[PDB]
Amino acid sequence: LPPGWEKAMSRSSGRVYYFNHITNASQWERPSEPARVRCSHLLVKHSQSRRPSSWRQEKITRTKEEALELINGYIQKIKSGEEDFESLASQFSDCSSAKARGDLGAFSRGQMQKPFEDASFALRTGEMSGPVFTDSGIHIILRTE
Ligand SMILES: Cc1ccc2cc(C(=O)O)[nH]c2c1
């Protein structure tokens, strides 16, 4: 199984699924390294973020737990198709790359915060991470190239 993937047991259903401990992705289906990748992301910040401030909100006061709740909500909508990633990144992301549908352009190892870099290189083109934690807050990452 590709870098990071383990079989897990569904607690609700008792059906096996696959969890990726690097990207925090999970899916039912069995899963399937470049110099550069390209990604967008949706950042939800919280009170312990490196900079508890964004274009959306001058003083961010939400807790870590509330941020993770928001992130989970958006992952569910993206996954159900009720909303797409670019749209929720544009409206809700606490990064100013929100202006570019959450796009951050191409990058190699060595430029991004490490949990974000690892998650970004462990994704395949087209794939989305689960919640990725860095000192800026909680990310959903979409690998676009
Ligand atoms: C790893 C990583 C990469 C890009 C960004 C951009 C932000 C921000 O705008 O807060 N945080 C990051 C962390």
# chains A, B, ... in the order shown; residues from 1 in each chain; ligands from 1
call {"tool": "residues_around", "arguments": {"residues": "region 119-129 of chain A", "least_positions_apart": "3", "cutoff": "10 Å", "atoms": "only C-alpha atoms", "output": "ChimeraX atom specification"}}
result
/A:2-5,20-26,32-41,75,78-79,85,107-109,112,114-116,132-133,139-145
call {"tool": "write_last_selection", "arguments": {"atoms": "C-alpha atoms", "output": "mmCIF file, in the first residue's frame"}}
result
data_model
loop_
_atom_site.group_PDB
_atom_site.id
_atom_site.type_symbol
_atom_site.label_atom_id
_atom_site.label_comp_id
_atom_site.auth_asym_id
_atom_site.auth_seq_id
_atom_site.Cartn_x
_atom_site.Cartn_y
_atom_site.Cartn_z
ATOM 1 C CA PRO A 2 1.339 3.517 -1.004
ATOM 2 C CA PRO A 3 3.384 5.729 1.463
ATOM 3 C CA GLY A 4 1.222 6.079 4.659
ATOM 4 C CA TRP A 5 -1.755 3.726 4.168
ATOM 5 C CA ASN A 20 -3.432 7.488 5.638
ATOM 6 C CA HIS A 21 -1.457 8.517 8.688
ATOM 7 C CA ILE A 22 0.503 11.139 6.726
ATOM 8 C CA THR A 23 -2.383 12.986 4.957
ATOM 9 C CA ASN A 24 -5.111 11.890 7.436
ATOM 10 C CA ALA A 25 -7.261 10.872 4.484
ATOM 11 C CA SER A 26 -9.715 8.000 4.882
ATOM 12 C CA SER A 32 -4.441 3.003 -6.126
ATOM 13 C CA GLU A 33 7.763 10.660 -5.446
ATOM 14 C CA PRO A 34 8.009 13.895 -7.760
ATOM 15 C CA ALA A 35 10.399 16.859 -7.195
ATOM 16 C CA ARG A 36 7.569 19.394 -7.204
ATOM 17 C CA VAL A 37 3.796 19.338 -6.431
ATOM 18 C CA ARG A 38 1.046 21.885 -6.707
ATOM 19 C CA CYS A 39 -1.711 22.266 -4.049
ATOM 20 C CA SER A 40 -4.553 24.452 -2.825
ATOM 21 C CA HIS A 41 -5.752 24.430 0.760
ATOM 22 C CA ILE A 75 -14.611 17.910 4.378
ATOM 23 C CA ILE A 78 -16.744 18.486 -0.289
ATOM 24 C CA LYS A 79 -16.993 14.709 -0.104
ATOM 25 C CA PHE A 85 -13.322 22.666 -2.505
ATOM 26 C CA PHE A 107 6.538 23.892 -4.524
ATOM 27 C CA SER A 108 9.288 21.412 -3.665
ATOM 28 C CA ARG A 109 10.375 19.944 -0.281
ATOM 29 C CA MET A 112 6.383 24.720 3.465
ATOM 30 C CA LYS A 114 6.660 20.197 7.412
ATOM 31 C CA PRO A 115 3.263 18.513 8.264
ATOM 32 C CA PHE A 116 1.790 20.409 5.245
ATOM 33 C CA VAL A 132 -3.568 18.555 8.624
ATOM 34 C CA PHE A 133 -2.298 20.469 11.612
ATOM 35 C CA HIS A 139 -5.682 22.678 6.672
ATOM 36 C CA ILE A 140 -7.646 20.688 4.049
ATOM 37 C CA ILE A 141 -5.104 20.133 1.198
ATOM 38 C CA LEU A 142 -5.971 19.345 -2.417
ATOM 39 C CA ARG A 143 -3.227 18.155 -4.665
ATOM 40 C CA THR A 144 -3.786 19.593 -8.131
ATOM 41 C CA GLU A 145 -0.535 18.604 -9.967
#
call {"tool": "residues_near_ligand", "arguments": {"ligand": "ligand 1", "cutoff": "7 Å", "atoms": "only C-alpha atoms and all ligand atoms", "output": "JSON, numbers by chain"}}
result
{"A": [94, 95, 96, 97, 112, 113, 114, 116, 117, 134, 136]}
call {"tool": "write_last_selection", "arguments": {"atoms": "C-alpha atoms", "output": "PDB file, in the first residue's frame"}}
result
ATOM      1  CA  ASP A  94      -8.174  32.060   6.736  1.00  0.00           C
ATOM      2  CA  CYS A  95      -5.255  32.272   4.308  1.00  0.00           C
ATOM      3  CA  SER A  96      -5.214  35.038   1.720  1.00  0.00           C
ATOM      4  CA  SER A  97      -4.684  32.381  -0.962  1.00  0.00           C
ATOM      5  CA  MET A 112       6.383  24.720   3.465  1.00  0.00           C
ATOM      6  CA  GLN A 113       5.724  23.856   7.121  1.00  0.00           C
ATOM      7  CA  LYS A 114       6.660  20.197   7.412  1.00  0.00           C
ATOM      8  CA  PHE A 116       1.790  20.409   5.245  1.00  0.00           C
ATOM      9  CA  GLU A 117       4.752  19.406   3.080  1.00  0.00           C
ATOM     10  CA  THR A 134       0.483  23.036  11.430  1.00  0.00           C
ATOM     11  CA  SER A 136      -0.991  28.240  11.280  1.00  0.00           C
TER      12      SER A 136
END
call {"tool": "closest_residue", "arguments": {"among": "A:6, A:100, A:73, A:93", "to": "residue 57 (chain A)", "atoms": "only C-alpha atoms"}}
result
A:93
call {"tool": "select_by_dssp", "arguments": {"residues": "region 96-144 of chain A", "states": "strand (DSSP E or B)", "output": "number ranges by chain"}}
result
A: 103-108, 128, 132-134, 137-143
call {"tool": "write_last_selection", "arguments": {"atoms": "N, CA, C and O atoms", "output": "PDB file, in the first residue's frame"}}
result
ATOM      1  N   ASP A 103      -5.409  28.241  -4.069  1.00  0.00           N
ATOM      2  CA  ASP A 103      -4.173  27.776  -4.780  1.00  0.00           C
ATOM      3  C   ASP A 103      -2.882  28.405  -4.251  1.00  0.00           C
ATOM      4  O   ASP A 103      -2.788  29.625  -4.132  1.00  0.00           O
ATOM      5  N   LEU A 104      -1.862  27.575  -4.045  1.00  0.00           N
ATOM      6  CA  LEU A 104      -0.558  28.032  -3.576  1.00  0.00           C
ATOM      7  C   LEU A 104       0.578  27.852  -4.610  1.00  0.00           C
ATOM      8  O   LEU A 104       1.727  28.120  -4.306  1.00  0.00           O
ATOM      9  N   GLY A 105       0.267  27.381  -5.805  1.00  0.00           N
ATOM     10  CA  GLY A 105       1.264  27.284  -6.851  1.00  0.00           C
ATOM     11  C   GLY A 105       2.083  26.088  -6.526  1.00  0.00           C
ATOM     12  O   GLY A 105       1.776  25.385  -5.555  1.00  0.00           O
ATOM     13  N   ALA A 106       3.106  25.832  -7.329  1.00  0.00           N
ATOM     14  CA  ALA A 106       3.918  24.613  -7.238  1.00  0.00           C
ATOM     15  C   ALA A 106       4.991  24.818  -6.184  1.00  0.00           C
ATOM     16  O   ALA A 106       5.316  25.948  -5.880  1.00  0.00           O
ATOM     17  N   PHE A 107       5.514  23.750  -5.588  1.00  0.00           N
ATOM     18  CA  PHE A 107       6.538  23.892  -4.524  1.00  0.00           C
ATOM     19  C   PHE A 107       7.271  22.606  -4.437  1.00  0.00           C
ATOM     20  O   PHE A 107       6.755  21.584  -4.894  1.00  0.00           O
ATOM     21  N   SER A 108       8.491  22.649  -3.915  1.00  0.00           N
ATOM     22  CA  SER A 108       9.288  21.412  -3.665  1.00  0.00           C
ATOM     23  C   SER A 108       9.430  21.206  -2.139  1.00  0.00           C
ATOM     24  O   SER A 108       8.966  22.073  -1.346  1.00  0.00           O
ATOM     25  N   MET A 128      -7.337  14.592  -1.884  1.00  0.00           N
ATOM     26  CA  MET A 128      -7.534  15.570  -0.825  1.00  0.00           C
ATOM     27  C   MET A 128      -7.118  14.932   0.516  1.00  0.00           C
ATOM     28  O   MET A 128      -7.412  13.745   0.777  1.00  0.00           O
ATOM     29  N   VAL A 132      -5.040  18.518   8.462  1.00  0.00           N
ATOM     30  CA  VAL A 132      -3.568  18.555   8.624  1.00  0.00           C
ATOM     31  C   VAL A 132      -3.265  19.713   9.562  1.00  0.00           C
ATOM     32  O   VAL A 132      -3.749  20.832   9.342  1.00  0.00           O
ATOM     33  N   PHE A 133      -2.499  19.446  10.630  1.00  0.00           N
ATOM     34  CA  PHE A 133      -2.298  20.469  11.612  1.00  0.00           C
ATOM     35  C   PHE A 133      -0.921  21.048  11.446  1.00  0.00           C
ATOM     36  O   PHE A 133       0.057  20.301  11.243  1.00  0.00           O
ATOM     37  N   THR A 134      -0.830  22.373  11.490  1.00  0.00           N
ATOM     38  CA  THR A 134       0.483  23.036  11.430  1.00  0.00           C
ATOM     39  C   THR A 134       0.360  24.189  12.451  1.00  0.00           C
ATOM     40  O   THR A 134      -0.717  24.356  13.015  1.00  0.00           O
ATOM     41  N   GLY A 137      -2.655  26.551  11.826  1.00  0.00           N
ATOM     42  CA  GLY A 137      -4.002  26.088  12.122  1.00  0.00           C
ATOM     43  C   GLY A 137      -4.228  24.734  11.481  1.00  0.00           C
ATOM     44  O   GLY A 137      -3.319  23.867  11.464  1.00  0.00           O
ATOM     45  N   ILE A 138      -5.440  24.553  10.950  1.00  0.00           N
ATOM     46  CA  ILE A 138      -5.883  23.232  10.441  1.00  0.00           C
ATOM     47  C   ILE A 138      -6.193  23.420   8.974  1.00  0.00           C
ATOM     48  O   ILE A 138      -6.959  24.325   8.583  1.00  0.00           O
ATOM     49  N   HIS A 139      -5.564  22.607   8.154  1.00  0.00           N
ATOM     50  CA  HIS A 139      -5.682  22.678   6.672  1.00  0.00           C
ATOM     51  C   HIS A 139      -6.539  21.502   6.088  1.00  0.00           C
ATOM     52  O   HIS A 139      -6.536  20.389   6.663  1.00  0.00           O
ATOM     53  N   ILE A 140      -7.252  21.758   4.973  1.00  0.00           N
ATOM     54  CA  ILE A 140      -7.646  20.688   4.049  1.00  0.00           C
ATOM     55  C   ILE A 140      -6.764  20.930   2.840  1.00  0.00           C
ATOM     56  O   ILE A 140      -6.687  22.071   2.381  1.00  0.00           O
ATOM     57  N   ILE A 141      -6.075  19.910   2.344  1.00  0.00           N
ATOM     58  CA  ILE A 141      -5.104  20.133   1.198  1.00  0.00           C
ATOM     59  C   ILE A 141      -5.577  19.375  -0.048  1.00  0.00           C
ATOM     60  O   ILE A 141      -5.959  18.244   0.068  1.00  0.00           O
ATOM     61  N   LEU A 142      -5.574  20.004  -1.213  1.00  0.00           N
ATOM     62  CA  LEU A 142      -5.971  19.345  -2.417  1.00  0.00           C
ATOM     63  C   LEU A 142      -4.780  19.387  -3.319  1.00  0.00           C
ATOM     64  O   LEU A 142      -4.250  20.449  -3.621  1.00  0.00           O
ATOM     65  N   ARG A 143      -4.344  18.220  -3.752  1.00  0.00           N
ATOM     66  CA  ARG A 143      -3.227  18.155  -4.665  1.00  0.00           C
ATOM     67  C   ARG A 143      -3.702  18.281  -6.118  1.00  0.00           C
ATOM     68  O   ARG A 143      -4.469  17.432  -6.630  1.00  0.00           O
TER      69      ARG A 143
END
call {"tool": "residues_around", "arguments": {"residues": "region 61-72 of chain A", "least_positions_apart": "2", "cutoff": "6 Å", "atoms": "only C-alpha atoms", "output": "list in words"}}
result
residues 44, 46, 47, 74 and 75 of chain A
call {"tool": "write_last_selection", "arguments": {"atoms": "C-alpha atoms", "output": "CSV table (one decimal), in the first residue's frame"}}
result
chain,number,residue,atom,x,y,z
A,44,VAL,CA,-9.2,27.2,9.5
A,46,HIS,CA,-7.8,29.2,15.9
A,47,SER,CA,-6.8,31.0,19.1
A,74,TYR,CA,-16.2,21.3,5.1
A,75,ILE,CA,-14.6,17.9,4.4
call {"tool": "atom_distance", "arguments": {"atom1": "CA of residue 84 (chain A)", "atom2": "CA of residue 14 (chain A)"}}
result
29.4 Å
call {"tool": "select_by_dssp", "arguments": {"residues": "chain A", "states": "helix (DSSP H, G or I)", "output": "number ranges by chain"}}
result
A: 64-80, 85-92, 96-100, 114-122
call {"tool": "write_last_selection", "arguments": {"atoms": "N, CA, C and O atoms", "output": "compact mmCIF listing (two decimals), in the first residue's frame"}}
result
# COMPACT_ATOMS: atom_id res chain seq x y z
N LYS A 64 -9.06 25.52 19.04
CA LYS A 64 -8.65 24.33 18.30
C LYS A 64 -9.78 23.33 17.89
O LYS A 64 -9.76 22.76 16.80
N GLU A 65 -10.74 23.11 18.80
CA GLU A 65 -11.72 22.04 18.71
C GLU A 65 -12.82 22.46 17.77
O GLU A 65 -13.30 21.66 16.96
N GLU A 66 -13.25 23.72 17.94
CA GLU A 66 -14.17 24.39 17.04
C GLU A 66 -13.66 24.50 15.59
O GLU A 66 -14.41 24.22 14.65
N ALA A 67 -12.39 24.87 15.42
CA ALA A 67 -11.69 24.83 14.12
C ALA A 67 -11.73 23.45 13.47
O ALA A 67 -12.03 23.33 12.27
N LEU A 68 -11.38 22.41 14.25
CA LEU A 68 -11.45 21.04 13.76
C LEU A 68 -12.89 20.69 13.40
O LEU A 68 -13.11 19.95 12.45
N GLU A 69 -13.88 21.26 14.10
CA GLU A 69 -15.28 21.01 13.78
C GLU A 69 -15.63 21.62 12.44
O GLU A 69 -16.36 21.00 11.63
N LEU A 70 -15.07 22.81 12.16
CA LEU A 70 -15.34 23.51 10.93
C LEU A 70 -14.72 22.76 9.78
O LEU A 70 -15.36 22.56 8.72
N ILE A 71 -13.47 22.36 9.96
CA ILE A 71 -12.74 21.61 8.97
C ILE A 71 -13.52 20.33 8.56
O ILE A 71 -13.69 20.04 7.38
N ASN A 72 -13.97 19.57 9.56
CA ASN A 72 -14.74 18.33 9.37
C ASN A 72 -16.01 18.56 8.57
O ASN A 72 -16.32 17.79 7.64
N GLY A 73 -16.73 19.64 8.90
CA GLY A 73 -17.93 20.10 8.18
C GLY A 73 -17.62 20.30 6.70
O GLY A 73 -18.39 19.85 5.78
N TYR A 74 -16.49 20.98 6.43
CA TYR A 74 -16.22 21.32 5.07
C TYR A 74 -15.79 20.05 4.36
O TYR A 74 -16.06 19.93 3.18
N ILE A 75 -15.05 19.16 5.03
CA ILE A 75 -14.61 17.91 4.38
C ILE A 75 -15.91 17.14 4.01
O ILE A 75 -16.07 16.65 2.90
N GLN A 76 -16.87 17.10 4.90
CA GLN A 76 -18.10 16.37 4.58
C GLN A 76 -18.82 16.95 3.39
O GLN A 76 -19.24 16.18 2.51
N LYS A 77 -18.97 18.28 3.31
CA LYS A 77 -19.60 18.85 2.13
C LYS A 77 -18.84 18.63 0.87
O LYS A 77 -19.44 18.55 -0.19
N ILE A 78 -17.51 18.66 0.94
CA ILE A 78 -16.74 18.49 -0.29
C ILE A 78 -16.97 17.05 -0.76
O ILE A 78 -17.30 16.80 -1.93
N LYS A 79 -16.88 16.13 0.19
CA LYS A 79 -16.99 14.71 -0.10
C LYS A 79 -18.35 14.25 -0.62
O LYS A 79 -18.41 13.41 -1.50
N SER A 80 -19.42 14.88 -0.13
CA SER A 80 -20.76 14.60 -0.56
C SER A 80 -21.05 15.31 -1.86
O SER A 80 -22.00 14.97 -2.55
N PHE A 85 -14.44 22.16 -3.24
CA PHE A 85 -13.32 22.67 -2.50
C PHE A 85 -13.07 24.17 -2.81
O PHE A 85 -12.95 24.98 -1.91
N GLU A 86 -13.03 24.55 -4.09
CA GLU A 86 -12.51 25.89 -4.45
C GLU A 86 -13.46 26.91 -3.88
O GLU A 86 -13.10 28.05 -3.57
N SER A 87 -14.70 26.49 -3.80
CA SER A 87 -15.74 27.40 -3.43
C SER A 87 -15.70 27.70 -1.93
O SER A 87 -15.85 28.86 -1.49
N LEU A 88 -15.51 26.67 -1.14
CA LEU A 88 -15.36 26.81 0.32
C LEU A 88 -14.01 27.40 0.67
O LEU A 88 -13.91 28.02 1.71
N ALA A 89 -12.96 27.18 -0.13
CA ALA A 89 -11.64 27.80 0.13
C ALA A 89 -11.77 29.33 -0.09
O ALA A 89 -11.31 30.15 0.74
N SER A 90 -12.43 29.72 -1.20
CA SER A 90 -12.73 31.12 -1.46
C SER A 90 -13.51 31.80 -0.39
O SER A 90 -13.28 32.96 -0.10
N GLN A 91 -14.52 31.14 0.15
CA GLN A 91 -15.36 31.82 1.13
C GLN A 91 -14.80 31.73 2.51
O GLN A 91 -14.91 32.68 3.23
N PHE A 92 -14.19 30.60 2.90
CA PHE A 92 -13.96 30.30 4.31
C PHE A 92 -12.52 30.16 4.79
O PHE A 92 -12.28 30.16 5.99
N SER A 96 -4.76 34.13 2.76
CA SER A 96 -5.21 35.04 1.72
C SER A 96 -5.13 34.36 0.35
O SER A 96 -5.59 34.94 -0.64
N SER A 97 -4.61 33.12 0.28
CA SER A 97 -4.68 32.38 -0.96
C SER A 97 -6.14 31.97 -1.26
O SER A 97 -6.44 31.39 -2.31
N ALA A 98 -7.03 32.27 -0.31
CA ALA A 98 -8.44 32.17 -0.53
C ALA A 98 -8.85 32.89 -1.81
O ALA A 98 -9.72 32.40 -2.57
N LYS A 99 -8.20 34.03 -2.09
CA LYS A 99 -8.39 34.79 -3.33
C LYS A 99 -8.08 34.02 -4.63
O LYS A 99 -8.55 34.38 -5.69
N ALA A 100 -7.23 33.02 -4.55
CA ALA A 100 -6.92 32.20 -5.71
C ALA A 100 -7.57 30.81 -5.58
O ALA A 100 -6.93 29.82 -5.93
N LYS A 114 6.41 21.63 7.59
CA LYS A 114 6.66 20.20 7.41
C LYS A 114 5.42 19.24 7.38
O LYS A 114 5.42 18.31 6.54
N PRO A 115 4.43 19.40 8.31
CA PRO A 115 3.26 18.51 8.26
C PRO A 115 2.50 18.73 6.92
O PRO A 115 2.18 17.76 6.23
N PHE A 116 2.32 19.99 6.54
CA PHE A 116 1.79 20.41 5.24
C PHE A 116 2.63 19.90 4.07
O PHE A 116 2.09 19.40 3.09
N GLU A 117 3.95 19.98 4.16
CA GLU A 117 4.75 19.41 3.08
C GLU A 117 4.56 17.89 3.00
O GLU A 117 4.32 17.37 1.93
N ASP A 118 4.65 17.17 4.11
CA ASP A 118 4.54 15.72 4.06
C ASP A 118 3.21 15.28 3.48
O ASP A 118 3.15 14.36 2.64
N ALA A 119 2.14 15.90 3.98
CA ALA A 119 0.80 15.62 3.51
C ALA A 119 0.73 15.89 1.99
O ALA A 119 0.22 15.03 1.23
N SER A 120 1.24 17.05 1.54
CA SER A 120 1.20 17.42 0.12
C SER A 120 1.94 16.45 -0.78
O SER A 120 1.46 16.18 -1.87
N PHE A 121 3.08 15.91 -0.35
CA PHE A 121 3.84 14.91 -1.18
C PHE A 121 3.31 13.47 -1.08
O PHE A 121 3.53 12.65 -1.98
N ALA A 122 2.63 13.14 0.01
CA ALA A 122 1.99 11.87 0.10
C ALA A 122 0.64 11.82 -0.65
O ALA A 122 0.14 10.73 -0.94
